[PDB]
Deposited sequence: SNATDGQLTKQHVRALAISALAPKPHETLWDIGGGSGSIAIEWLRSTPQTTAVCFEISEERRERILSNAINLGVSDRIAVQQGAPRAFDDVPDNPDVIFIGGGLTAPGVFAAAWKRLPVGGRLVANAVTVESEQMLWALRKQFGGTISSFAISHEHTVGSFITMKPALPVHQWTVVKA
């Protein structure tokens, strides 16, 4: 269930290697989670859906971090709303969507870090382009979970995630 989904998140925040001085731009899960495992780290979210937004700020509340997270609107023109530059960046997919990556590699100070997940054929095709241009590393995770069927258990193989992780030059 949400199992699969927590195992992905753990891999994302690990890649990102939070320091406390630093501010995330998640492009409402990876942002919120970055707000519970490291103090003095703030997350900026960008979300084109009002409804999904009402949701990110909503759950921001459970873990008492709501006033660190800023839920913004959609890429990439939302960035101009945010004058304060980023240090670490998460794109959990949506790399294929134009003007978006370009726009954000720009808002990123050199020495600034990046992690991108890709779980489509097109998504992953992206990761290799960006990777082959700016460097960084690609690793991937094949995760399966235990599934019962009346009198039988099997190992449901989740979809694979590729993860780009780069430092900027």
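Stretches of the deposited sequence left without coordinates are 1 to 5, 33 to 36, in sequence order.
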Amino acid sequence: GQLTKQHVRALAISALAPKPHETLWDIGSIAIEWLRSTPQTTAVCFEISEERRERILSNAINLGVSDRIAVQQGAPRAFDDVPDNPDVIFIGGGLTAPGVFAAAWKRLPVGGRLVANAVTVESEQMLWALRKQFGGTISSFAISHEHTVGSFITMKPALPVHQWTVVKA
From here on, numbers count along this sequence of modelled residues.
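Of the two stretches examined, 155 to 163 and 18 to 26, the record assigns the greater average C-alpha temperature factor to 18 to 26. Look at the mean CA B-factor for 43 to 51 and for 117 to 125 in the entry; the higher one is 43 to 51. When the Cα B-factors of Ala60, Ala104, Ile143, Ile138 are read from the PDB record, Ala60 comes out highest.
The entry lists C-alpha B-factors for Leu130, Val65, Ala70, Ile56, and the highest of these is at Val65. Residue-level temperature factors show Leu95 in the middle third of its chain, judged at the C-alpha atom.
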